[PDB]
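Student: Here's a structure for you.
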Protein chains: 2
Amino acid sequence: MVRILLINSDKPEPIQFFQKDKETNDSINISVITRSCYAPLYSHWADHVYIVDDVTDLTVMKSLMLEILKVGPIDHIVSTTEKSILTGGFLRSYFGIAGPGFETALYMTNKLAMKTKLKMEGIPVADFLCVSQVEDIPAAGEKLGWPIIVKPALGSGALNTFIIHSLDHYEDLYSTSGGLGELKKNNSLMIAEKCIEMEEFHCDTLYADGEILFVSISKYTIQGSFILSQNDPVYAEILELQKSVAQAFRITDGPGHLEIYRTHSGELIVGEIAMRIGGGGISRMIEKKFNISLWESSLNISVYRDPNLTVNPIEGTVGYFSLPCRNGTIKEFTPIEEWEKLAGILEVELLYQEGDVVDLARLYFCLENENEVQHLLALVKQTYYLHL
Amino acid sequence: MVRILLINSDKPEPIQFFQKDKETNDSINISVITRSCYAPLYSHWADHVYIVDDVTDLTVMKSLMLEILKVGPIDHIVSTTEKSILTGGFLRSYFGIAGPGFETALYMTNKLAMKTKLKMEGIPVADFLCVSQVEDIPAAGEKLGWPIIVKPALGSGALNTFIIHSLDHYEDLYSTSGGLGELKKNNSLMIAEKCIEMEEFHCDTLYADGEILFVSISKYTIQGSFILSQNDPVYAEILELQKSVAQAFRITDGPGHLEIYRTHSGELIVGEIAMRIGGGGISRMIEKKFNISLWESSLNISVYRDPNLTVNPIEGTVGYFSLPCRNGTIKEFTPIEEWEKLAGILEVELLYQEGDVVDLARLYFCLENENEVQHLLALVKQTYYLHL
């Protein structure tokens, strides 16, 4: 019997994969670790469902894992959420299960451990400070200069990232409730650096047995990005940087998302890496360009199966644009017909409909050259509107 | 300001080291994590003493470490106890502190992860089963043959180690109270192996920057050990086995204690390894033979100082014997003079005297050959007696 431990939230992709897998294979046993609000998503098909409110708590996870092992051993641990990456790596190493280990997972979660390893190896990285207190921000803000970026060392700073321009900006974020979000609680590690933004790139990879099965290098542009060519001058430089990070972090199997920055000097520094599949349109941008399924392939790797990576690339420069979505009662936005009129657009993906209480949509395109992209951005930027 | 986090119990060596270091250096800041019963050992000289009930609990240690960092950053973490090895490695990796990492420390604590890593590399290891329940013992006991050894996978399982000869031996350990120790709770991962009487050796090493500064290979036997010669036939293979284990576990800095078993076939298999200095007489046995201090040197390594381990070897085969100690009212034992009469003996170290409420003593010798040892061993049992 193949016992698989799945640590997922509400992401439908791994749910559909293992649900369809159980239907076609009697040997498949699915154990699920998820939140209480996600339990009905697994209750009717999964063999075992364990409810956990906080997956980050390694102590509770170890205790739970022991109880799970009593039912039977685990052959594979599948971590499809960001909060489960470090936990997944911890469980694999501690209980002798094949897959990405703790330290490898630690480098793709803890920015402090990530930046520390890269600086020791020779991989160029932006400076940083360890921040244990919001009261240490003025001290940190003066050491490298204002303004600053303050974000949690673990995970990504979704609603926990703040830009502080001055001391009196901080002291009023300190005074307002809650101007510093959950950071004021001082229960989590933080990292801080001066807001340095230039040209940004991102490299999305798929590893197996230490080798790259697939790699796509794109460039960020309302936001968006577009996939670069292998013949692009910067492609070779980013790819070798990907090689360096992979060797340093000992990457062997799984997905990867590495963000690269280019200084005005032209130096390439490493921003952040993750064991995730590219968020938003990135996953779907790749699927249109190469006609391969990142989810289907990576999940096959996670359970030690042969991934069906048959790369059939379409010609031209493929990318996507995302449209911001403000909270409230959606009254009217740009019609689908108005987008599809624009030449080069492949698909328009709405996330909301007319008359909803709340990206709003994603525009996937296919152009022949990169010059058009900055032109297309202007037209999209032009005809987009959201009234609520 | 050199901030050092010391995680120690009641071992006097690191206490004496950092207490004298603080007296001769005011820049030295000592933070201590220990149990409440060990607090007076640090309260009068250490800068900060933090009381902790369970050092193994990684979640509460992470939370505590954050509070410690608020006082100030940490330059070095010194873990001198067995329960602190994995915790220390976790804290170093998670908080970007130089020293032995999580996985490295995990391989010298978790026998399951140890045995798994060694098997993947090709390094010979005795067979084993994962035991999640004491009720799973009869299944494991029938699978490998009786008798078997059951001990916790984490730590060294002091007084949580049991020899089980039959199924009904298990059922009487199960029915009695205390007979199966703390294992009956089924709250910790356990390991199982056939109890096979074999020759065992132990290799004590000291690492720095991935290189061996010192290495000593000895042989186990009333207990004892004696240091082997570099020209000993088995010395080169055990040393080469040490290289393999170190490479697999990526050992860079700190002490090491590797136990090796030799089968009737003459095969050398890896028993156990630990990030520790050899227990009992081992440290002083080496100290008499090589005139080097494992404690003084390793502690210097832990705080990134140069140890000048200048080996001045005395001639002859040096070793020690330890004498068992029964609980009760000690009335009379073998006098020191009777020991000192025996030619070849270097020092007699008693731990108890006549009229105490409770190893009993350690006899360090210096002989020319291994044959002498078994002559001396015969002599010790002969002239040994303990009445209470």
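Numbering starts fresh at 1 for the residues of each chain in the structure tokens, the chains themselves are lettered A, B, ... in the order given, and ligands are numbered from 1 as they appear.
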For chain B, work out the contacting residues on chain A at 10 Å, counting only C-alpha atoms, and write them as a ChimeraX atom specification.

Tutor: /A:56-60,62-73,90,92-98,101-104,106-107,109-117,130-133,135-136,153-154,186-189

Student: Under the rule of at most 10 Å, produce a per-residue listing of segment 303-336 of chain A near segment 340-358 of chain A: chain, number, name, the closest pair of atoms, and the distance in Å, as CSV, using only C-alpha atoms.

Tutor:
residue,atom,partner,partner_atom,distance
A:316,CA,A:344,CA,9.9
A:317,CA,A:344,CA,9.7
A:318,CA,A:344,CA,9.2
A:319,CA,A:345,CA,9.6
A:320,CA,A:345,CA,9.0
A:321,CA,A:348,CA,9.8
A:322,CA,A:349,CA,9.6
A:323,CA,A:350,CA,9.7
A:325,CA,A:358,CA,8.5
A:326,CA,A:358,CA,7.7
A:327,CA,A:358,CA,4.9
A:328,CA,A:358,CA,5.1
A:329,CA,A:357,CA,4.3
A:330,CA,A:355,CA,5.1
A:331,CA,A:355,CA,5.6
A:332,CA,A:354,CA,6.2
A:333,CA,A:354,CA,7.8
A:335,CA,A:340,CA,9.2
A:336,CA,A:340,CA,6.3

Student: For segment 288-301 of chain A, find every residue with an atom within 8 Å (counting only C-alpha atoms), except residues of its own chain fewer than 6 positions away, and show them as a list in words.

Tutor: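 My reading of the contact set: residues 13, 14, 17, 78, 206, 208, 253, 254, 255, 277, 307, 308, 309, 310, 311, 312, 313, 314, 315 and 318 of chain A.
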
Student: Taking the DSSP secondary structure from the backbone, can you list the residues of segment 122-332 of chain B that are strand (DSSP E), as an MDAnalysis selection string?

Tutor: chainID B and resid 129:131 148:152 162:164 190:194 199:208 211:220 223:227 254:262 268:274 317:322 332

Student: Keeping C-alpha atoms for every residue in the selection just given, could you write it to a file as a CSV table (one decimal), in the first residue's frame?

Tutor:
chain,number,residue,atom,x,y,z
B,129,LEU,CA,12.6,-1.5,12.7
B,130,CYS,CA,10.6,1.6,13.4
B,131,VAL,CA,8.5,1.1,16.5
B,148,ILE,CA,15.7,-7.6,20.8
B,149,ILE,CA,16.8,-4.2,22.0
B,150,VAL,CA,14.1,-1.5,22.3
B,151,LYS,CA,15.2,2.1,22.9
B,152,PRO,CA,14.0,5.7,22.0
B,162,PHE,CA,15.2,-2.6,27.4
B,163,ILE,CA,16.2,-6.2,26.5
B,164,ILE,CA,13.2,-8.3,25.6
B,190,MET,CA,11.3,4.0,19.2
B,191,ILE,CA,14.0,1.8,17.6
B,192,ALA,CA,14.4,-2.0,17.6
B,193,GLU,CA,17.2,-4.3,16.9
B,194,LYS,CA,18.2,-7.9,17.7
B,199,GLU,CA,32.9,-6.7,19.8
B,200,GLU,CA,32.5,-2.9,19.9
B,201,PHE,CA,35.1,-0.1,19.4
B,202,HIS,CA,34.7,3.7,19.7
B,203,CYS,CA,36.3,6.5,17.8
B,204,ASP,CA,36.6,9.9,19.4
B,205,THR,CA,37.3,12.8,17.0
B,206,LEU,CA,37.6,16.6,17.1
B,207,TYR,CA,36.6,18.5,14.0
B,208,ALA,CA,37.3,22.1,12.8
B,211,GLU,CA,39.1,18.7,9.1
B,212,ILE,CA,40.2,16.3,11.9
B,213,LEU,CA,42.3,18.1,14.5
B,214,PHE,CA,42.4,14.9,16.7
B,215,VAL,CA,41.3,11.3,16.5
B,216,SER,CA,41.5,8.4,19.0
B,217,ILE,CA,40.4,4.9,18.5
B,218,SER,CA,39.7,2.6,21.5
B,219,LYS,CA,38.2,-0.7,22.4
B,220,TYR,CA,35.5,-1.7,25.0
B,223,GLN,CA,33.6,-1.9,32.4
B,224,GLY,CA,36.5,-0.3,30.6
B,225,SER,CA,38.3,0.8,27.4
B,226,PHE,CA,41.8,1.2,26.1
B,227,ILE,CA,43.3,3.3,23.3
B,254,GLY,CA,32.8,20.0,17.2
B,255,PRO,CA,33.3,16.7,19.1
B,256,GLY,CA,32.4,13.2,17.9
B,257,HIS,CA,31.9,9.8,19.5
B,258,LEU,CA,31.4,7.0,17.0
B,259,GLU,CA,30.8,3.5,18.1
B,260,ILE,CA,31.7,0.6,15.8
B,261,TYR,CA,30.8,-3.1,16.0
B,262,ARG,CA,32.8,-6.0,14.5
B,268,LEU,CA,32.8,-3.5,10.6
B,269,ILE,CA,29.3,-2.0,11.0
B,270,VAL,CA,28.4,1.4,12.4
B,271,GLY,CA,26.6,1.2,15.7
B,272,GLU,CA,26.0,4.7,17.1
B,273,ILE,CA,27.4,8.2,16.7
B,274,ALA,CA,26.9,11.3,18.9
B,317,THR,CA,48.8,1.2,25.9
B,318,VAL,CA,46.6,3.5,28.1
B,319,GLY,CA,43.1,2.7,29.2
B,320,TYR,CA,40.8,2.5,32.2
B,321,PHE,CA,38.4,0.3,34.2
B,322,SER,CA,35.2,1.3,35.9
B,332,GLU,CA,33.5,-1.1,52.7

Student: Please identify the helix (DSSP H, G or I) residues within segment 198-313 of chain B (assignment by DSSP from backbone atoms) and present them as an mmCIF file with N, CA, C and O atoms, in the first residue's frame.

Tutor:
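The resulting file, part33.cif, is reproduced below:
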data_model
loop_
_atom_site.group_PDB
_atom_site.id
_atom_site.type_symbol
_atom_site.label_atom_id
_atom_site.label_comp_id
_atom_site.auth_asym_id
_atom_site.auth_seq_id
_atom_site.Cartn_x
_atom_site.Cartn_y
_atom_site.Cartn_z
ATOM 1 N N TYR B 235 42.729 -0.279 12.937
ATOM 2 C CA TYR B 235 42.766 1.178 13.059
ATOM 3 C C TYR B 235 42.460 1.904 11.750
ATOM 4 O O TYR B 235 41.691 2.865 11.736
ATOM 5 N N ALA B 236 43.059 1.447 10.654
ATOM 6 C CA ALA B 236 42.906 2.121 9.367
ATOM 7 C C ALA B 236 41.491 2.013 8.804
ATOM 8 O O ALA B 236 41.016 2.929 8.132
ATOM 9 N N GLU B 237 40.819 0.901 9.079
ATOM 10 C CA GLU B 237 39.473 0.685 8.558
ATOM 11 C C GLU B 237 38.428 1.445 9.369
ATOM 12 O O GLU B 237 37.458 1.960 8.812
ATOM 13 N N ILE B 238 38.628 1.513 10.681
ATOM 14 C CA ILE B 238 37.731 2.275 11.539
ATOM 15 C C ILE B 238 37.871 3.760 11.226
ATOM 16 O O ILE B 238 36.882 4.493 11.182
ATOM 17 N N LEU B 239 39.106 4.196 10.992
ATOM 18 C CA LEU B 239 39.373 5.587 10.649
ATOM 19 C C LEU B 239 38.735 5.947 9.312
ATOM 20 O O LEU B 239 38.217 7.048 9.141
ATOM 21 N N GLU B 240 38.766 5.007 8.372
ATOM 22 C CA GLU B 240 38.187 5.222 7.053
ATOM 23 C C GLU B 240 36.666 5.195 7.137
ATOM 24 O O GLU B 240 35.973 5.831 6.342
ATOM 25 N N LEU B 241 36.154 4.463 8.121
ATOM 26 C CA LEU B 241 34.725 4.434 8.388
ATOM 27 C C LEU B 241 34.298 5.764 9.000
ATOM 28 O O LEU B 241 33.208 6.266 8.728
ATOM 29 N N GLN B 242 35.174 6.330 9.827
ATOM 30 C CA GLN B 242 34.953 7.648 10.413
ATOM 31 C C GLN B 242 34.866 8.731 9.341
ATOM 32 O O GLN B 242 34.038 9.638 9.429
ATOM 33 N N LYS B 243 35.723 8.628 8.329
ATOM 34 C CA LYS B 243 35.723 9.574 7.216
ATOM 35 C C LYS B 243 34.403 9.529 6.459
ATOM 36 O O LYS B 243 33.861 10.562 6.068
ATOM 37 N N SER B 244 33.894 8.319 6.255
ATOM 38 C CA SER B 244 32.666 8.115 5.499
ATOM 39 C C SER B 244 31.453 8.691 6.223
ATOM 40 O O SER B 244 30.631 9.379 5.619
ATOM 41 N N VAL B 245 31.348 8.406 7.518
ATOM 42 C CA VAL B 245 30.242 8.904 8.328
ATOM 43 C C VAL B 245 30.268 10.429 8.409
ATOM 44 O O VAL B 245 29.229 11.085 8.322
ATOM 45 N N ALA B 246 31.465 10.984 8.566
ATOM 46 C CA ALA B 246 31.641 12.429 8.665
ATOM 47 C C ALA B 246 31.240 13.130 7.373
ATOM 48 O O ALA B 246 30.636 14.202 7.399
ATOM 49 N N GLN B 247 31.581 12.516 6.246
ATOM 50 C CA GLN B 247 31.260 13.072 4.938
ATOM 51 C C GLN B 247 29.758 13.025 4.677
ATOM 52 O O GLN B 247 29.178 13.972 4.147
ATOM 53 N N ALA B 248 29.136 11.916 5.067
ATOM 54 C CA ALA B 248 27.707 11.719 4.860
ATOM 55 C C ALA B 248 26.890 12.678 5.717
ATOM 56 O O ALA B 248 25.872 13.210 5.272
ATOM 57 N N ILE B 282 36.610 8.080 29.545
ATOM 58 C CA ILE B 282 37.138 8.253 28.194
ATOM 59 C C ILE B 282 37.906 9.560 28.017
ATOM 60 O O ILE B 282 38.983 9.577 27.418
ATOM 61 N N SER B 283 37.359 10.649 28.549
ATOM 62 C CA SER B 283 37.989 11.959 28.419
ATOM 63 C C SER B 283 39.347 12.017 29.114
ATOM 64 O O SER B 283 40.293 12.605 28.589
ATOM 65 N N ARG B 284 39.445 11.408 30.292
ATOM 66 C CA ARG B 284 40.693 11.430 31.046
ATOM 67 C C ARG B 284 41.665 10.374 30.528
ATOM 68 O O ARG B 284 42.881 10.535 30.634
ATOM 69 N N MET B 285 41.121 9.295 29.974
ATOM 70 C CA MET B 285 41.933 8.255 29.353
ATOM 71 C C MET B 285 42.726 8.837 28.190
ATOM 72 O O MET B 285 43.925 8.591 28.051
ATOM 73 N N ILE B 286 42.039 9.611 27.360
ATOM 74 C CA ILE B 286 42.666 10.305 26.243
ATOM 75 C C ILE B 286 43.619 11.379 26.758
ATOM 76 O O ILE B 286 44.685 11.610 26.188
ATOM 77 N N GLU B 287 43.228 12.021 27.855
ATOM 78 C CA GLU B 287 44.005 13.110 28.436
ATOM 79 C C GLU B 287 45.347 12.626 28.980
ATOM 80 O O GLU B 287 46.332 13.363 28.969
ATOM 81 N N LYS B 288 45.379 11.385 29.454
ATOM 82 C CA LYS B 288 46.609 10.798 29.969
ATOM 83 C C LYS B 288 47.514 10.331 28.836
ATOM 84 O O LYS B 288 48.737 10.444 28.917
ATOM 85 N N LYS B 289 46.901 9.806 27.780
ATOM 86 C CA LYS B 289 47.640 9.258 26.647
ATOM 87 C C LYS B 289 48.214 10.331 25.723
ATOM 88 O O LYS B 289 49.355 10.224 25.284
ATOM 89 N N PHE B 290 47.426 11.364 25.432
ATOM 90 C CA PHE B 290 47.820 12.349 24.427
ATOM 91 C C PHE B 290 48.131 13.731 24.999
ATOM 92 O O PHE B 290 48.606 14.608 24.277
ATOM 93 N N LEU B 294 40.021 17.466 25.626
ATOM 94 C CA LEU B 294 38.889 17.433 24.703
ATOM 95 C C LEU B 294 37.869 18.518 25.035
ATOM 96 O O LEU B 294 37.303 19.145 24.141
ATOM 97 N N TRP B 295 37.642 18.737 26.327
ATOM 98 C CA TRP B 295 36.698 19.754 26.769
ATOM 99 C C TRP B 295 37.198 21.162 26.463
ATOM 100 O O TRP B 295 36.478 21.964 25.876
ATOM 101 N N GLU B 296 38.434 21.454 26.857
ATOM 102 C CA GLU B 296 39.022 22.771 26.628
ATOM 103 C C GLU B 296 39.099 23.108 25.140
ATOM 104 O O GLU B 296 38.849 24.244 24.738
ATOM 105 N N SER B 297 39.439 22.113 24.327
ATOM 106 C CA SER B 297 39.611 22.321 22.892
ATOM 107 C C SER B 297 38.279 22.461 22.159
ATOM 108 O O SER B 297 38.105 23.374 21.352
ATOM 109 N N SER B 298 37.347 21.555 22.438
ATOM 110 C CA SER B 298 36.050 21.564 21.768
ATOM 111 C C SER B 298 35.256 22.820 22.109
ATOM 112 O O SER B 298 34.550 23.365 21.261
ATOM 113 N N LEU B 299 35.377 23.277 23.350
ATOM 114 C CA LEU B 299 34.697 24.493 23.780
ATOM 115 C C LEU B 299 35.304 25.713 23.096
ATOM 116 O O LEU B 299 34.612 26.696 22.835
ATOM 117 N N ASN B 300 36.601 25.643 22.807
ATOM 118 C CA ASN B 300 37.269 26.690 22.044
ATOM 119 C C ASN B 300 36.767 26.706 20.604
ATOM 120 O O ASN B 300 36.620 27.768 19.997
ATOM 121 N N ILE B 301 36.514 25.518 20.063
ATOM 122 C CA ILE B 301 35.955 25.377 18.723
ATOM 123 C C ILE B 301 34.541 25.945 18.651
ATOM 124 O O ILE B 301 34.171 26.599 17.675
ATOM 125 N N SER B 302 33.764 25.705 19.701
ATOM 126 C CA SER B 302 32.370 26.131 19.741
ATOM 127 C C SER B 302 32.229 27.651 19.745
ATOM 128 O O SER B 302 31.198 28.185 19.333
#

Student: Please provide the set of residues having any atom within 10 Å of residue 46 of chain A, restricted to only C-alpha atoms, with same-chain residues fewer than 2 positions apart removed, written as a ChimeraX atom specification.

Tutor: /A:6,15,18-19,22,28-32,41-44,48-49

Student: Residues at most 8 Å from residue 105 of chain B, counting only C-alpha atoms, excluding those fewer than 4 positions away in the same chain, as a ChimeraX atom specification?

Tutor: /B:85-86,89,100-101,109,275

Student: Produce a file of the selected residues containing N, CA, C and O atoms, as a PDB file, in the first residue's frame.

Tutor:
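Writing the result to selection-v5.pdb gives the following:
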ATOM      1  N   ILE B  85      21.628  18.920  21.709  1.00  0.00           N
ATOM      2  CA  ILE B  85      22.283  18.781  20.413  1.00  0.00           C
ATOM      3  C   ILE B  85      21.353  19.133  19.257  1.00  0.00           C
ATOM      4  O   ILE B  85      21.673  19.990  18.434  1.00  0.00           O
ATOM      5  N   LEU B  86      20.206  18.466  19.199  1.00  0.00           N
ATOM      6  CA  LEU B  86      19.234  18.709  18.140  1.00  0.00           C
ATOM      7  C   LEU B  86      18.639  20.110  18.245  1.00  0.00           C
ATOM      8  O   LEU B  86      18.443  20.789  17.238  1.00  0.00           O
ATOM      9  N   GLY B  89      21.243  22.657  17.095  1.00  0.00           N
ATOM     10  CA  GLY B  89      21.350  22.635  15.649  1.00  0.00           C
ATOM     11  C   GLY B  89      20.179  23.334  14.989  1.00  0.00           C
ATOM     12  O   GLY B  89      20.339  24.017  13.976  1.00  0.00           O
ATOM     13  N   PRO B 100      27.354  23.727  13.897  1.00  0.00           N
ATOM     14  CA  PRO B 100      26.658  22.529  13.409  1.00  0.00           C
ATOM     15  C   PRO B 100      25.161  22.761  13.201  1.00  0.00           C
ATOM     16  O   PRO B 100      24.478  23.244  14.104  1.00  0.00           O
ATOM     17  N   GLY B 101      24.667  22.416  12.016  1.00  0.00           N
ATOM     18  CA  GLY B 101      23.280  22.655  11.658  1.00  0.00           C
ATOM     19  C   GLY B 101      22.307  21.603  12.159  1.00  0.00           C
ATOM     20  O   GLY B 101      22.674  20.715  12.929  1.00  0.00           O
ATOM     21  N   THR B 109      21.613  12.363  16.747  1.00  0.00           N
ATOM     22  CA  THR B 109      20.615  12.293  17.804  1.00  0.00           C
ATOM     23  C   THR B 109      19.546  11.280  17.417  1.00  0.00           C
ATOM     24  O   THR B 109      19.332  10.291  18.116  1.00  0.00           O
ATOM     25  N   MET B 275      27.207  13.714  18.880  1.00  0.00           N
ATOM     26  CA  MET B 275      27.978  14.941  19.020  1.00  0.00           C
ATOM     27  C   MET B 275      28.262  15.180  20.499  1.00  0.00           C
ATOM     28  O   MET B 275      27.644  16.030  21.136  1.00  0.00           O
TER      29      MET B 275
END

Student: If you measure from atom CA of residue 35 of chain B to atom CA of residue 281 of chain B, what distance in Å do you get, rounded to one decimal?

Tutor: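 Distance between the two atoms: 25.7 Å.
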
Student: Interatomic distance between atom CA of residue 141 of chain B and atom CA of residue 165 of chain B?

Tutor: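 Calculated distance between atom CA of residue 141 of chain B and atom CA of residue 165 of chain B is 8.6 Å.
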
Student: Using only C-alpha atoms, determine which residues lie at most 12 Å from residue 174 of chain A, disregarding the query and same-chain residues fewer than 3 positions distant; provide the list as an NGL selection string.

Tutor: :A and (133-135 or 137-138 or 162 or 164 or 167-171 or 177-185)
